[PDB]
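What's in target-v3.pdb: PDB, C-alpha atoms and all ligand atoms
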```
ATOM      1  CA  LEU A  14     -49.741 170.394  64.631
ATOM      2  CA  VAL A  15     -46.268 169.585  66.037
ATOM      3  CA  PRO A  16     -43.785 170.317  63.180
ATOM      4  CA  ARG A  17     -40.818 168.003  62.686
ATOM      5  CA  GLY A  18     -37.963 168.205  60.134
ATOM      6  CA  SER A  19     -36.033 165.024  61.166
ATOM      7  CA  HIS A  20     -36.728 162.007  63.387
ATOM      8  CA  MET A  21     -34.394 159.734  65.426
ATOM      9  CA  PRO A  22     -34.232 155.996  64.515
ATOM     10  CA  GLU A  23     -36.103 154.919  67.692
ATOM     11  CA  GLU A  24     -39.071 157.186  66.754
ATOM     12  CA  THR A  25     -39.593 155.619  63.311
ATOM     13  CA  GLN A  26     -38.801 152.025  64.353
ATOM     14  CA  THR A  27     -41.658 149.897  62.996
ATOM     15  CA  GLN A  28     -43.892 147.921  65.396
ATOM     16  CA  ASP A  29     -42.975 144.217  65.640
ATOM     17  CA  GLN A  30     -44.905 141.622  63.630
ATOM     18  CA  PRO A  31     -47.208 139.539  65.876
ATOM     19  CA  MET A  32     -45.342 136.955  67.999
ATOM     20  CA  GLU A  33     -45.704 133.447  66.560
ATOM     21  CA  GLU A  34     -46.387 130.239  68.593
ATOM     22  CA  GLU A  35     -44.323 127.148  67.800
ATOM     23  CA  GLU A  36     -45.758 123.799  68.949
ATOM     24  CA  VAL A  37     -43.178 121.536  70.602
ATOM     25  CA  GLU A  38     -43.496 117.789  71.300
ATOM     26  CA  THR A  39     -41.024 115.626  73.269
ATOM     27  CA  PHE A  40     -40.434 111.926  72.499
ATOM     28  CA  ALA A  41     -38.360 109.132  74.049
ATOM     29  CA  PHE A  42     -35.930 107.252  71.861
ATOM     30  CA  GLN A  43     -36.810 103.581  71.239
ATOM     31  CA  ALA A  44     -34.894 101.570  73.894
ATOM     32  CA  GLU A  45     -32.241 100.087  71.601
ATOM     33  CA  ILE A  46     -31.672 103.409  69.821
ATOM     34  CA  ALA A  47     -31.095 105.057  73.248
ATOM     35  CA  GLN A  48     -28.616 102.270  74.100
ATOM     36  CA  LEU A  49     -26.817 102.721  70.752
ATOM     37  CA  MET A  50     -26.544 106.482  71.246
ATOM     38  CA  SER A  51     -24.962 106.047  74.694
ATOM     39  CA  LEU A  52     -22.473 103.452  73.270
ATOM     40  CA  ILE A  53     -21.522 105.812  70.357
ATOM     41  CA  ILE A  54     -21.149 108.947  72.575
ATOM     42  CA  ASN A  55     -19.112 107.411  75.359
ATOM     43  CA  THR A  56     -16.762 104.957  73.597
ATOM     44  CA  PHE A  57     -13.430 105.740  71.962
ATOM     45  CA  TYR A  58     -13.242 104.940  68.210
ATOM     46  CA  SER A  59     -10.220 105.572  65.927
ATOM     47  CA  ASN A  60     -12.180 106.260  62.726
ATOM     48  CA  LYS A  61     -14.830 108.851  63.889
ATOM     49  CA  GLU A  62     -14.510 110.660  60.508
ATOM     50  CA  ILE A  63     -17.010 108.306  58.880
ATOM     51  CA  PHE A  64     -19.898 110.427  60.327
ATOM     52  CA  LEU A  65     -19.680 112.674  57.314
ATOM     53  CA  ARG A  66     -19.923 109.747  54.870
ATOM     54  CA  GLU A  67     -23.140 108.707  56.573
ATOM     55  CA  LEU A  68     -24.745 112.180  56.437
ATOM     56  CA  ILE A  69     -23.710 112.706  52.772
ATOM     57  CA  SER A  70     -25.158 109.321  51.817
ATOM     58  CA  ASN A  71     -28.483 110.328  53.443
ATOM     59  CA  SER A  72     -28.537 113.517  51.404
ATOM     60  CA  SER A  73     -27.684 111.620  48.162
ATOM     61  CA  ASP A  74     -30.563 109.241  48.876
ATOM     62  CA  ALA A  75     -32.958 112.214  49.404
ATOM     63  CA  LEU A  76     -31.752 113.790  46.110
ATOM     64  CA  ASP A  77     -32.265 110.500  44.218
ATOM     65  CA  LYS A  78     -35.862 110.537  45.464
ATOM     66  CA  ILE A  79     -36.522 113.909  43.655
ATOM     67  CA  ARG A  80     -35.621 112.293  40.328
ATOM     68  CA  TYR A  81     -37.830 109.264  40.935
ATOM     69  CA  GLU A  82     -40.824 111.128  42.497
ATOM     70  CA  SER A  83     -41.090 113.018  39.171
ATOM     71  CA  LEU A  84     -42.281 109.743  37.599
ATOM     72  CA  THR A  85     -45.421 109.865  39.765
ATOM     73  CA  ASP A  86     -45.651 113.673  40.126
ATOM     74  CA  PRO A  87     -43.973 115.535  37.193
ATOM     75  CA  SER A  88     -44.376 118.955  38.829
ATOM     76  CA  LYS A  89     -40.971 118.569  40.604
ATOM     77  CA  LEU A  90     -39.409 118.895  37.137
ATOM     78  CA  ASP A  91     -40.589 122.520  37.307
ATOM     79  CA  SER A  92     -38.565 123.430  40.388
ATOM     80  CA  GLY A  93     -35.628 125.631  39.453
ATOM     81  CA  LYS A  94     -33.606 124.544  42.502
ATOM     82  CA  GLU A  95     -30.275 122.764  41.803
ATOM     83  CA  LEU A  96     -29.922 119.253  43.234
ATOM     84  CA  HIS A  97     -26.785 119.572  45.383
ATOM     85  CA  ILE A  98     -25.059 119.348  48.797
ATOM     86  CA  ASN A  99     -23.366 122.297  50.661
ATOM     87  CA  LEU A 100     -20.973 121.780  53.614
ATOM     88  CA  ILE A 101     -20.840 124.821  55.899
ATOM     89  CA  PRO A 102     -18.276 124.969  58.776
ATOM     90  CA  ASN A 103     -18.687 127.883  61.220
ATOM     91  CA  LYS A 104     -15.646 128.369  63.394
ATOM     92  CA  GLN A 105     -17.346 131.178  65.435
ATOM     93  CA  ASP A 106     -20.166 128.863  66.587
ATOM     94  CA  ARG A 107     -18.293 125.524  66.400
ATOM     95  CA  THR A 108     -20.889 124.026  64.042
ATOM     96  CA  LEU A 109     -20.695 121.985  60.826
ATOM     97  CA  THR A 110     -23.839 122.093  58.730
ATOM     98  CA  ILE A 111     -24.723 119.614  55.915
ATOM     99  CA  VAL A 112     -27.365 121.170  53.594
ATOM    100  CA  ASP A 113     -29.220 119.372  50.747
ATOM    101  CA  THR A 114     -32.049 120.113  48.340
ATOM    102  CA  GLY A 115     -33.533 116.635  48.564
ATOM    103  CA  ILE A 116     -37.111 115.666  49.326
ATOM    104  CA  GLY A 117     -37.036 116.801  52.992
ATOM    105  CA  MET A 118     -39.053 115.200  55.829
ATOM    106  CA  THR A 119     -42.549 115.811  57.170
ATOM    107  CA  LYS A 120     -43.264 116.168  60.941
ATOM    108  CA  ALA A 121     -44.292 112.477  61.174
ATOM    109  CA  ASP A 122     -41.196 111.453  59.139
ATOM    110  CA  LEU A 123     -38.982 113.132  61.749
ATOM    111  CA  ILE A 124     -40.780 111.329  64.634
ATOM    112  CA  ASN A 125     -40.864 107.871  63.025
ATOM    113  CA  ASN A 126     -37.555 107.888  61.057
ATOM    114  CA  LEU A 127     -35.285 109.696  63.608
ATOM    115  CA  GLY A 128     -35.840 107.946  66.859
ATOM    116  CA  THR A 129     -39.111 106.190  67.846
ATOM    117  CA  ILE A 130     -38.904 103.107  65.601
ATOM    118  CA  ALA A 131     -36.558 100.144  66.045
ATOM    119  CA  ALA A 132     -34.165  99.230  63.138
ATOM    120  CA  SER A 133     -33.989  95.429  62.926
ATOM    121  CA  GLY A 134     -30.161  95.428  62.908
ATOM    122  CA  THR A 135     -29.605  97.600  65.995
ATOM    123  CA  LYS A 136     -29.026  94.756  68.494
ATOM    124  CA  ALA A 137     -26.731  92.854  66.107
ATOM    125  CA  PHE A 138     -24.731  96.015  65.512
ATOM    126  CA  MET A 139     -24.234  96.650  69.203
ATOM    127  CA  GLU A 140     -23.031  93.026  69.610
ATOM    128  CA  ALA A 141     -20.606  93.412  66.667
ATOM    129  CA  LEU A 142     -19.208  96.571  68.343
ATOM    130  CA  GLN A 143     -18.804  94.669  71.613
ATOM    131  CA  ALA A 144     -16.846  92.015  69.676
ATOM    132  CA  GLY A 145     -14.539  94.859  68.386
ATOM    133  CA  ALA A 146     -16.021  95.832  64.960
ATOM    134  CA  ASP A 147     -14.972  99.119  63.337
ATOM    135  CA  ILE A 148     -17.592 101.908  63.716
ATOM    136  CA  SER A 149     -17.460 102.183  59.885
ATOM    137  CA  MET A 150     -19.826  99.241  59.589
ATOM    138  CA  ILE A 151     -22.677 101.319  61.022
ATOM    139  CA  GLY A 152     -24.213 102.068  57.649
ATOM    140  CA  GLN A 153     -24.659  98.401  56.858
ATOM    141  CA  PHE A 154     -26.857  97.946  59.990
ATOM    142  CA  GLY A 155     -29.570 100.566  59.214
ATOM    143  CA  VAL A 156     -28.620 103.188  61.894
ATOM    144  CA  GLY A 157     -26.098 105.466  60.155
ATOM    145  CA  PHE A 158     -27.632 108.820  61.214
ATOM    146  CA  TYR A 159     -26.601 108.275  64.852
ATOM    147  CA  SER A 160     -22.891 108.372  63.803
ATOM    148  CA  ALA A 161     -23.386 112.164  64.105
ATOM    149  CA  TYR A 162     -22.852 111.688  67.858
ATOM    150  CA  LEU A 163     -19.238 110.506  67.275
ATOM    151  CA  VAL A 164     -18.405 114.213  66.817
ATOM    152  CA  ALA A 165     -21.427 116.267  67.990
ATOM    153  CA  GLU A 166     -22.749 116.968  71.477
ATOM    154  CA  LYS A 167     -26.073 118.212  70.058
ATOM    155  CA  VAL A 168     -27.676 117.772  66.613
ATOM    156  CA  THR A 169     -30.416 119.987  65.084
ATOM    157  CA  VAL A 170     -32.214 118.962  61.860
ATOM    158  CA  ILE A 171     -34.244 121.651  60.023
ATOM    159  CA  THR A 172     -36.325 120.244  57.211
ATOM    160  CA  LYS A 173     -39.115 121.095  54.705
ATOM    161  CA  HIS A 174     -41.005 118.576  52.492
ATOM    162  CA  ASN A 175     -43.498 119.599  49.809
ATOM    163  CA  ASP A 176     -46.386 117.998  51.770
ATOM    164  CA  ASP A 177     -45.832 119.694  55.169
ATOM    165  CA  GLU A 178     -44.590 122.849  56.947
ATOM    166  CA  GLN A 179     -40.986 123.455  58.129
ATOM    167  CA  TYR A 180     -39.929 121.560  61.317
ATOM    168  CA  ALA A 181     -36.903 121.325  63.618
ATOM    169  CA  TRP A 182     -35.772 118.046  65.300
ATOM    170  CA  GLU A 183     -33.192 118.327  68.103
ATOM    171  CA  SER A 184     -31.417 116.080  70.589
ATOM    172  CA  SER A 185     -28.454 116.186  73.012
ATOM    173  CA  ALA A 186     -28.945 112.457  73.613
ATOM    174  CA  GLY A 187     -29.808 111.477  77.162
ATOM    175  CA  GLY A 188     -32.842 109.521  76.003
ATOM    176  CA  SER A 189     -35.181 112.015  74.309
ATOM    177  CA  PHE A 190     -35.600 114.349  71.351
ATOM    178  CA  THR A 191     -37.937 117.252  70.452
ATOM    179  CA  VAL A 192     -39.822 118.143  67.259
ATOM    180  CA  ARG A 193     -41.140 121.715  66.927
ATOM    181  CA  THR A 194     -42.737 123.773  64.165
ATOM    182  CA  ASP A 195     -40.122 126.160  62.781
ATOM    183  CA  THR A 196     -41.442 129.630  61.840
ATOM    184  CA  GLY A 197     -37.914 131.127  61.385
ATOM    185  CA  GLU A 198     -35.787 131.464  58.188
ATOM    186  CA  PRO A 199     -37.621 129.411  55.459
ATOM    187  CA  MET A 200     -35.116 127.024  54.058
ATOM    188  CA  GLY A 201     -37.045 125.832  50.986
ATOM    189  CA  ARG A 202     -37.363 122.118  50.154
ATOM    190  CA  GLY A 203     -34.663 119.923  51.674
ATOM    191  CA  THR A 204     -32.797 119.241  54.912
ATOM    192  CA  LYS A 205     -30.132 120.966  57.041
ATOM    193  CA  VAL A 206     -28.229 118.837  59.643
ATOM    194  CA  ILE A 207     -26.455 121.129  62.177
ATOM    195  CA  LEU A 208     -23.698 119.421  64.200
ATOM    196  CA  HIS A 209     -22.671 121.244  67.383
ATOM    197  CA  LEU A 210     -19.167 119.789  67.621
ATOM    198  CA  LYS A 211     -17.513 118.453  70.796
ATOM    199  CA  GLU A 212     -14.537 120.503  71.979
ATOM    200  CA  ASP A 213     -11.942 117.908  70.869
ATOM    201  CA  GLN A 214     -13.514 117.422  67.437
ATOM    202  CA  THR A 215     -12.895 120.934  65.943
ATOM    203  CA  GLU A 216     -10.675 119.489  63.176
ATOM    204  CA  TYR A 217     -13.943 119.011  61.232
ATOM    205  CA  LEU A 218     -14.241 122.786  60.842
ATOM    206  CA  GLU A 219     -10.979 122.956  58.873
ATOM    207  CA  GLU A 220     -11.069 123.070  55.052
ATOM    208  CA  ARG A 221      -8.183 120.611  54.417
ATOM    209  CA  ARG A 222      -9.636 118.019  56.815
ATOM    210  CA  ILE A 223     -13.102 118.225  55.304
ATOM    211  CA  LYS A 224     -11.715 117.889  51.757
ATOM    212  CA  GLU A 225      -9.564 114.911  52.928
ATOM    213  CA  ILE A 226     -12.578 112.954  54.278
ATOM    214  CA  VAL A 227     -14.878 113.701  51.317
ATOM    215  CA  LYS A 228     -12.181 112.402  48.928
ATOM    216  CA  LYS A 229     -11.497 109.357  51.123
ATOM    217  CA  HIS A 230     -15.075 108.178  51.752
ATOM    218  CA  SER A 231     -17.601 110.049  49.506
ATOM    219  CA  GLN A 232     -16.493 109.969  45.834
ATOM    220  CA  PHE A 233     -19.783 108.614  44.277
ATOM    221  CA  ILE A 234     -22.364 111.131  45.563
ATOM    222  CA  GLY A 235     -23.791 111.625  42.055
ATOM    223  CA  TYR A 236     -24.546 115.354  42.724
ATOM    224  CA  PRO A 237     -22.350 118.470  43.119
ATOM    225  CA  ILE A 238     -21.006 119.082  46.635
ATOM    226  CA  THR A 239     -19.387 122.413  47.524
ATOM    227  CA  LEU A 240     -17.562 123.475  50.695
ATOM    228  CA  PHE A 241     -18.195 127.044  51.906
ATOM    229  CA  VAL A 242     -15.147 128.563  53.536
ATOM    230  CA  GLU A 243     -15.453 131.772  55.559
ATOM    231  CA  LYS A 244     -12.779 134.306  54.550
ATOM    232  CA  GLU A 245     -10.105 134.690  57.245
ATOM    233  CA  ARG A 246     -10.246 138.176  58.649
TER     234      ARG A 246
HETATM  235  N1  LIG B 301     -30.780 114.430  54.605
HETATM  236  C1  LIG B 301     -31.939 113.698  54.711
HETATM  237  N2  LIG B 301     -33.024 113.923  53.965
HETATM  238  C2  LIG B 301     -34.170 113.243  54.068
HETATM  239  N3  LIG B 301     -34.341 112.243  54.928
HETATM  240  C3  LIG B 301     -33.301 111.933  55.768
HETATM  241  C4  LIG B 301     -32.051 112.696  55.741
HETATM  242  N4  LIG B 301     -31.231 112.157  56.695
HETATM  243  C5  LIG B 301     -31.891 111.141  57.303
HETATM  244  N5  LIG B 301     -33.121 111.015  56.704
HETATM  245  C6  LIG B 301     -34.203 110.051  57.081
HETATM  246  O1  LIG B 301     -33.734 109.367  58.209
HETATM  247  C7  LIG B 301     -33.768 107.898  57.978
HETATM  248  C8  LIG B 301     -32.695 107.181  58.794
HETATM  249  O2  LIG B 301     -31.370 107.354  58.232
HETATM  250  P1  LIG B 301     -30.187 106.322  58.572
HETATM  251  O3  LIG B 301     -28.908 106.748  57.734
HETATM  252  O4  LIG B 301     -30.046 106.230  60.036
HETATM  253  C9  LIG B 301     -30.766 104.700  57.933
HETATM  254  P2  LIG B 301     -30.886 104.580  56.126
HETATM  255  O5  LIG B 301     -32.318 104.704  55.797
HETATM  256  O6  LIG B 301     -29.993 105.607  55.421
HETATM  257  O7  LIG B 301     -30.342 103.122  55.781
HETATM  258  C10 LIG B 301     -33.607 107.818  56.488
HETATM  259  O8  LIG B 301     -34.118 106.578  55.940
HETATM  260  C11 LIG B 301     -34.446 109.002  56.005
HETATM  261  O9  LIG B 301     -35.865 108.697  56.027
HETATM  262 MG    MG B 302     -28.262 106.437  55.968
HETATM  263 MG    MG B 303     -25.863 106.745  44.813
END
```
When written as structure tokens, how does the structure in this file appear?
Ligand SMILES: Nc1ncnc2c1ncn2[C@@H]1O[C@H](COP(=O)(O)CP(=O)(O)O)[C@@H](O)[C@H]1O
Ligand SMILES: [Mg+2]
Ligand SMILES: [Mg+2]
Amino acid sequence: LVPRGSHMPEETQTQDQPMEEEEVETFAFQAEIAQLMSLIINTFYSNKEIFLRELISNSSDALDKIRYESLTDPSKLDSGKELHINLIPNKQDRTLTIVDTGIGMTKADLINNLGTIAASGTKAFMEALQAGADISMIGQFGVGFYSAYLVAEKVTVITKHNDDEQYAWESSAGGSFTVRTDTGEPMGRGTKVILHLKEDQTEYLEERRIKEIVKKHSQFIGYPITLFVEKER
């Protein structure tokens, strides 16, 4: 009835998909974890680079679990995904992302493993730090994840486990964290730790520095690790 030979982009733009709801919950850190985070954030240490060793060791542990979970559920053998770690610096956004294809975490694993439960060593570790211990000993005390806050002002964890949906955990410290269903880019099984780096900690975006600290502290991962470098324009 109204003849057309050619339409403008705005006229043929497709209608949006329906808006999704994401459920968000807010939790307090367990008291001694909150105290540890404030000690880590606000104290000078000379050897902050050990954060990456701690995150890589968490990913290697999650990857080891795929191998062993196949003994009680062989269907994991029929994933085609490679077991590996990727390190992804973004200079534009000032972020360093550690990506693995390990087992991932469920919603309740994020709440119970990343802030609301007390590790038995936390008070002894804070006393060892008062007495002048090197921050490197953190791993031995059961609280290595929080070493992220040596270099990051905010941390976001995106994760997907075979038994749950995809979730995002986030904290800028200050005593609480959030967990919220994540209906964005599906990441497939595994975990992605996004460090939003402090302004004076941008060395950890540079390829030589990252290679230096992987060779110094993370030579027995047991899985391939690759470093993605954005081409300089
Ligand atoms: N990349 C990852 N994949 C799966 N789970 C992870 C993870 N990073 C941290 N976690 C979970 O977070 C817990 C706490 O990590 P920490 O390094 O603080 C203590 P540890 O369990 O390694 O001795 C881990 O036990 C694990 O359940
Ligand atoms: Mg650990
Ligand atoms: Mg190992």
- Task: Taking the file above as input, evaluate the PyMOL selection byres (((chain A and resi 87-103) around 10) and not hetatm) and report the hits as a PyMOL selection string.
- Result: chain A and resi 65+69+72-73+75-77+79-86+104-116+175+201-209+215+217-220+223+234-243
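Closest approach to residue 194 of chain A from the set A:244, A:66, A:78, A:173 is made by A:173, with distances taken over only C-alpha atoms.
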Worksheet entry | Surroundings of ligand LIG 301 (chain B) up to 6 Å, based on all atoms listed in the file, as JSON, numbers by chain | {"A": [71, 72, 75, 117, 118, 126, 127, 155, 156, 157, 158, 204]}
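Each of A:151, A:131, A:146, A:47 was checked against ligand MG 302 (chain B) using only C-alpha atoms and all ligand atoms; the smallest atom-to-atom distance is that of A:151.
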Please define a box with edges along x, y and z of the file around all atoms of segment 152-161 of chain A given in the file, extend it by 8 Å on each side, and return its centre and edge lengths in Å to one decimal, as lines of an AutoDock Vina configuration file.
```
center_x = -26.2
center_y = 105.1
center_z = 60.9
size_x = 22.7
size_y = 30.2
size_z = 24.0
```
I want to know what sits within 12 Å of residue 52 of chain A, based on only C-alpha atoms, with residues of the same chain fewer than 3 positions away left out; could you give that as an MDAnalysis selection string? chainID A and resid 45:49 55:58 135:136 138:140 142:143 148 159:160 162:163 186:187
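Closest to ligand MG 303 (chain B) among A:38, A:74, A:174, A:60 is A:74, based on all atoms listed in the file.
The interatomic distance for the pair atom CA of residue 193 of chain A and atom CA of residue 51 of chain A works out to 23.8 Å.
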Given the file shown, enumerate the residues that the PyMOL selection byres (((chain A and resi 211) around 6) and not hetatm) captures and present them as a ChimeraX atom specification. /A:164-166,210,212-214
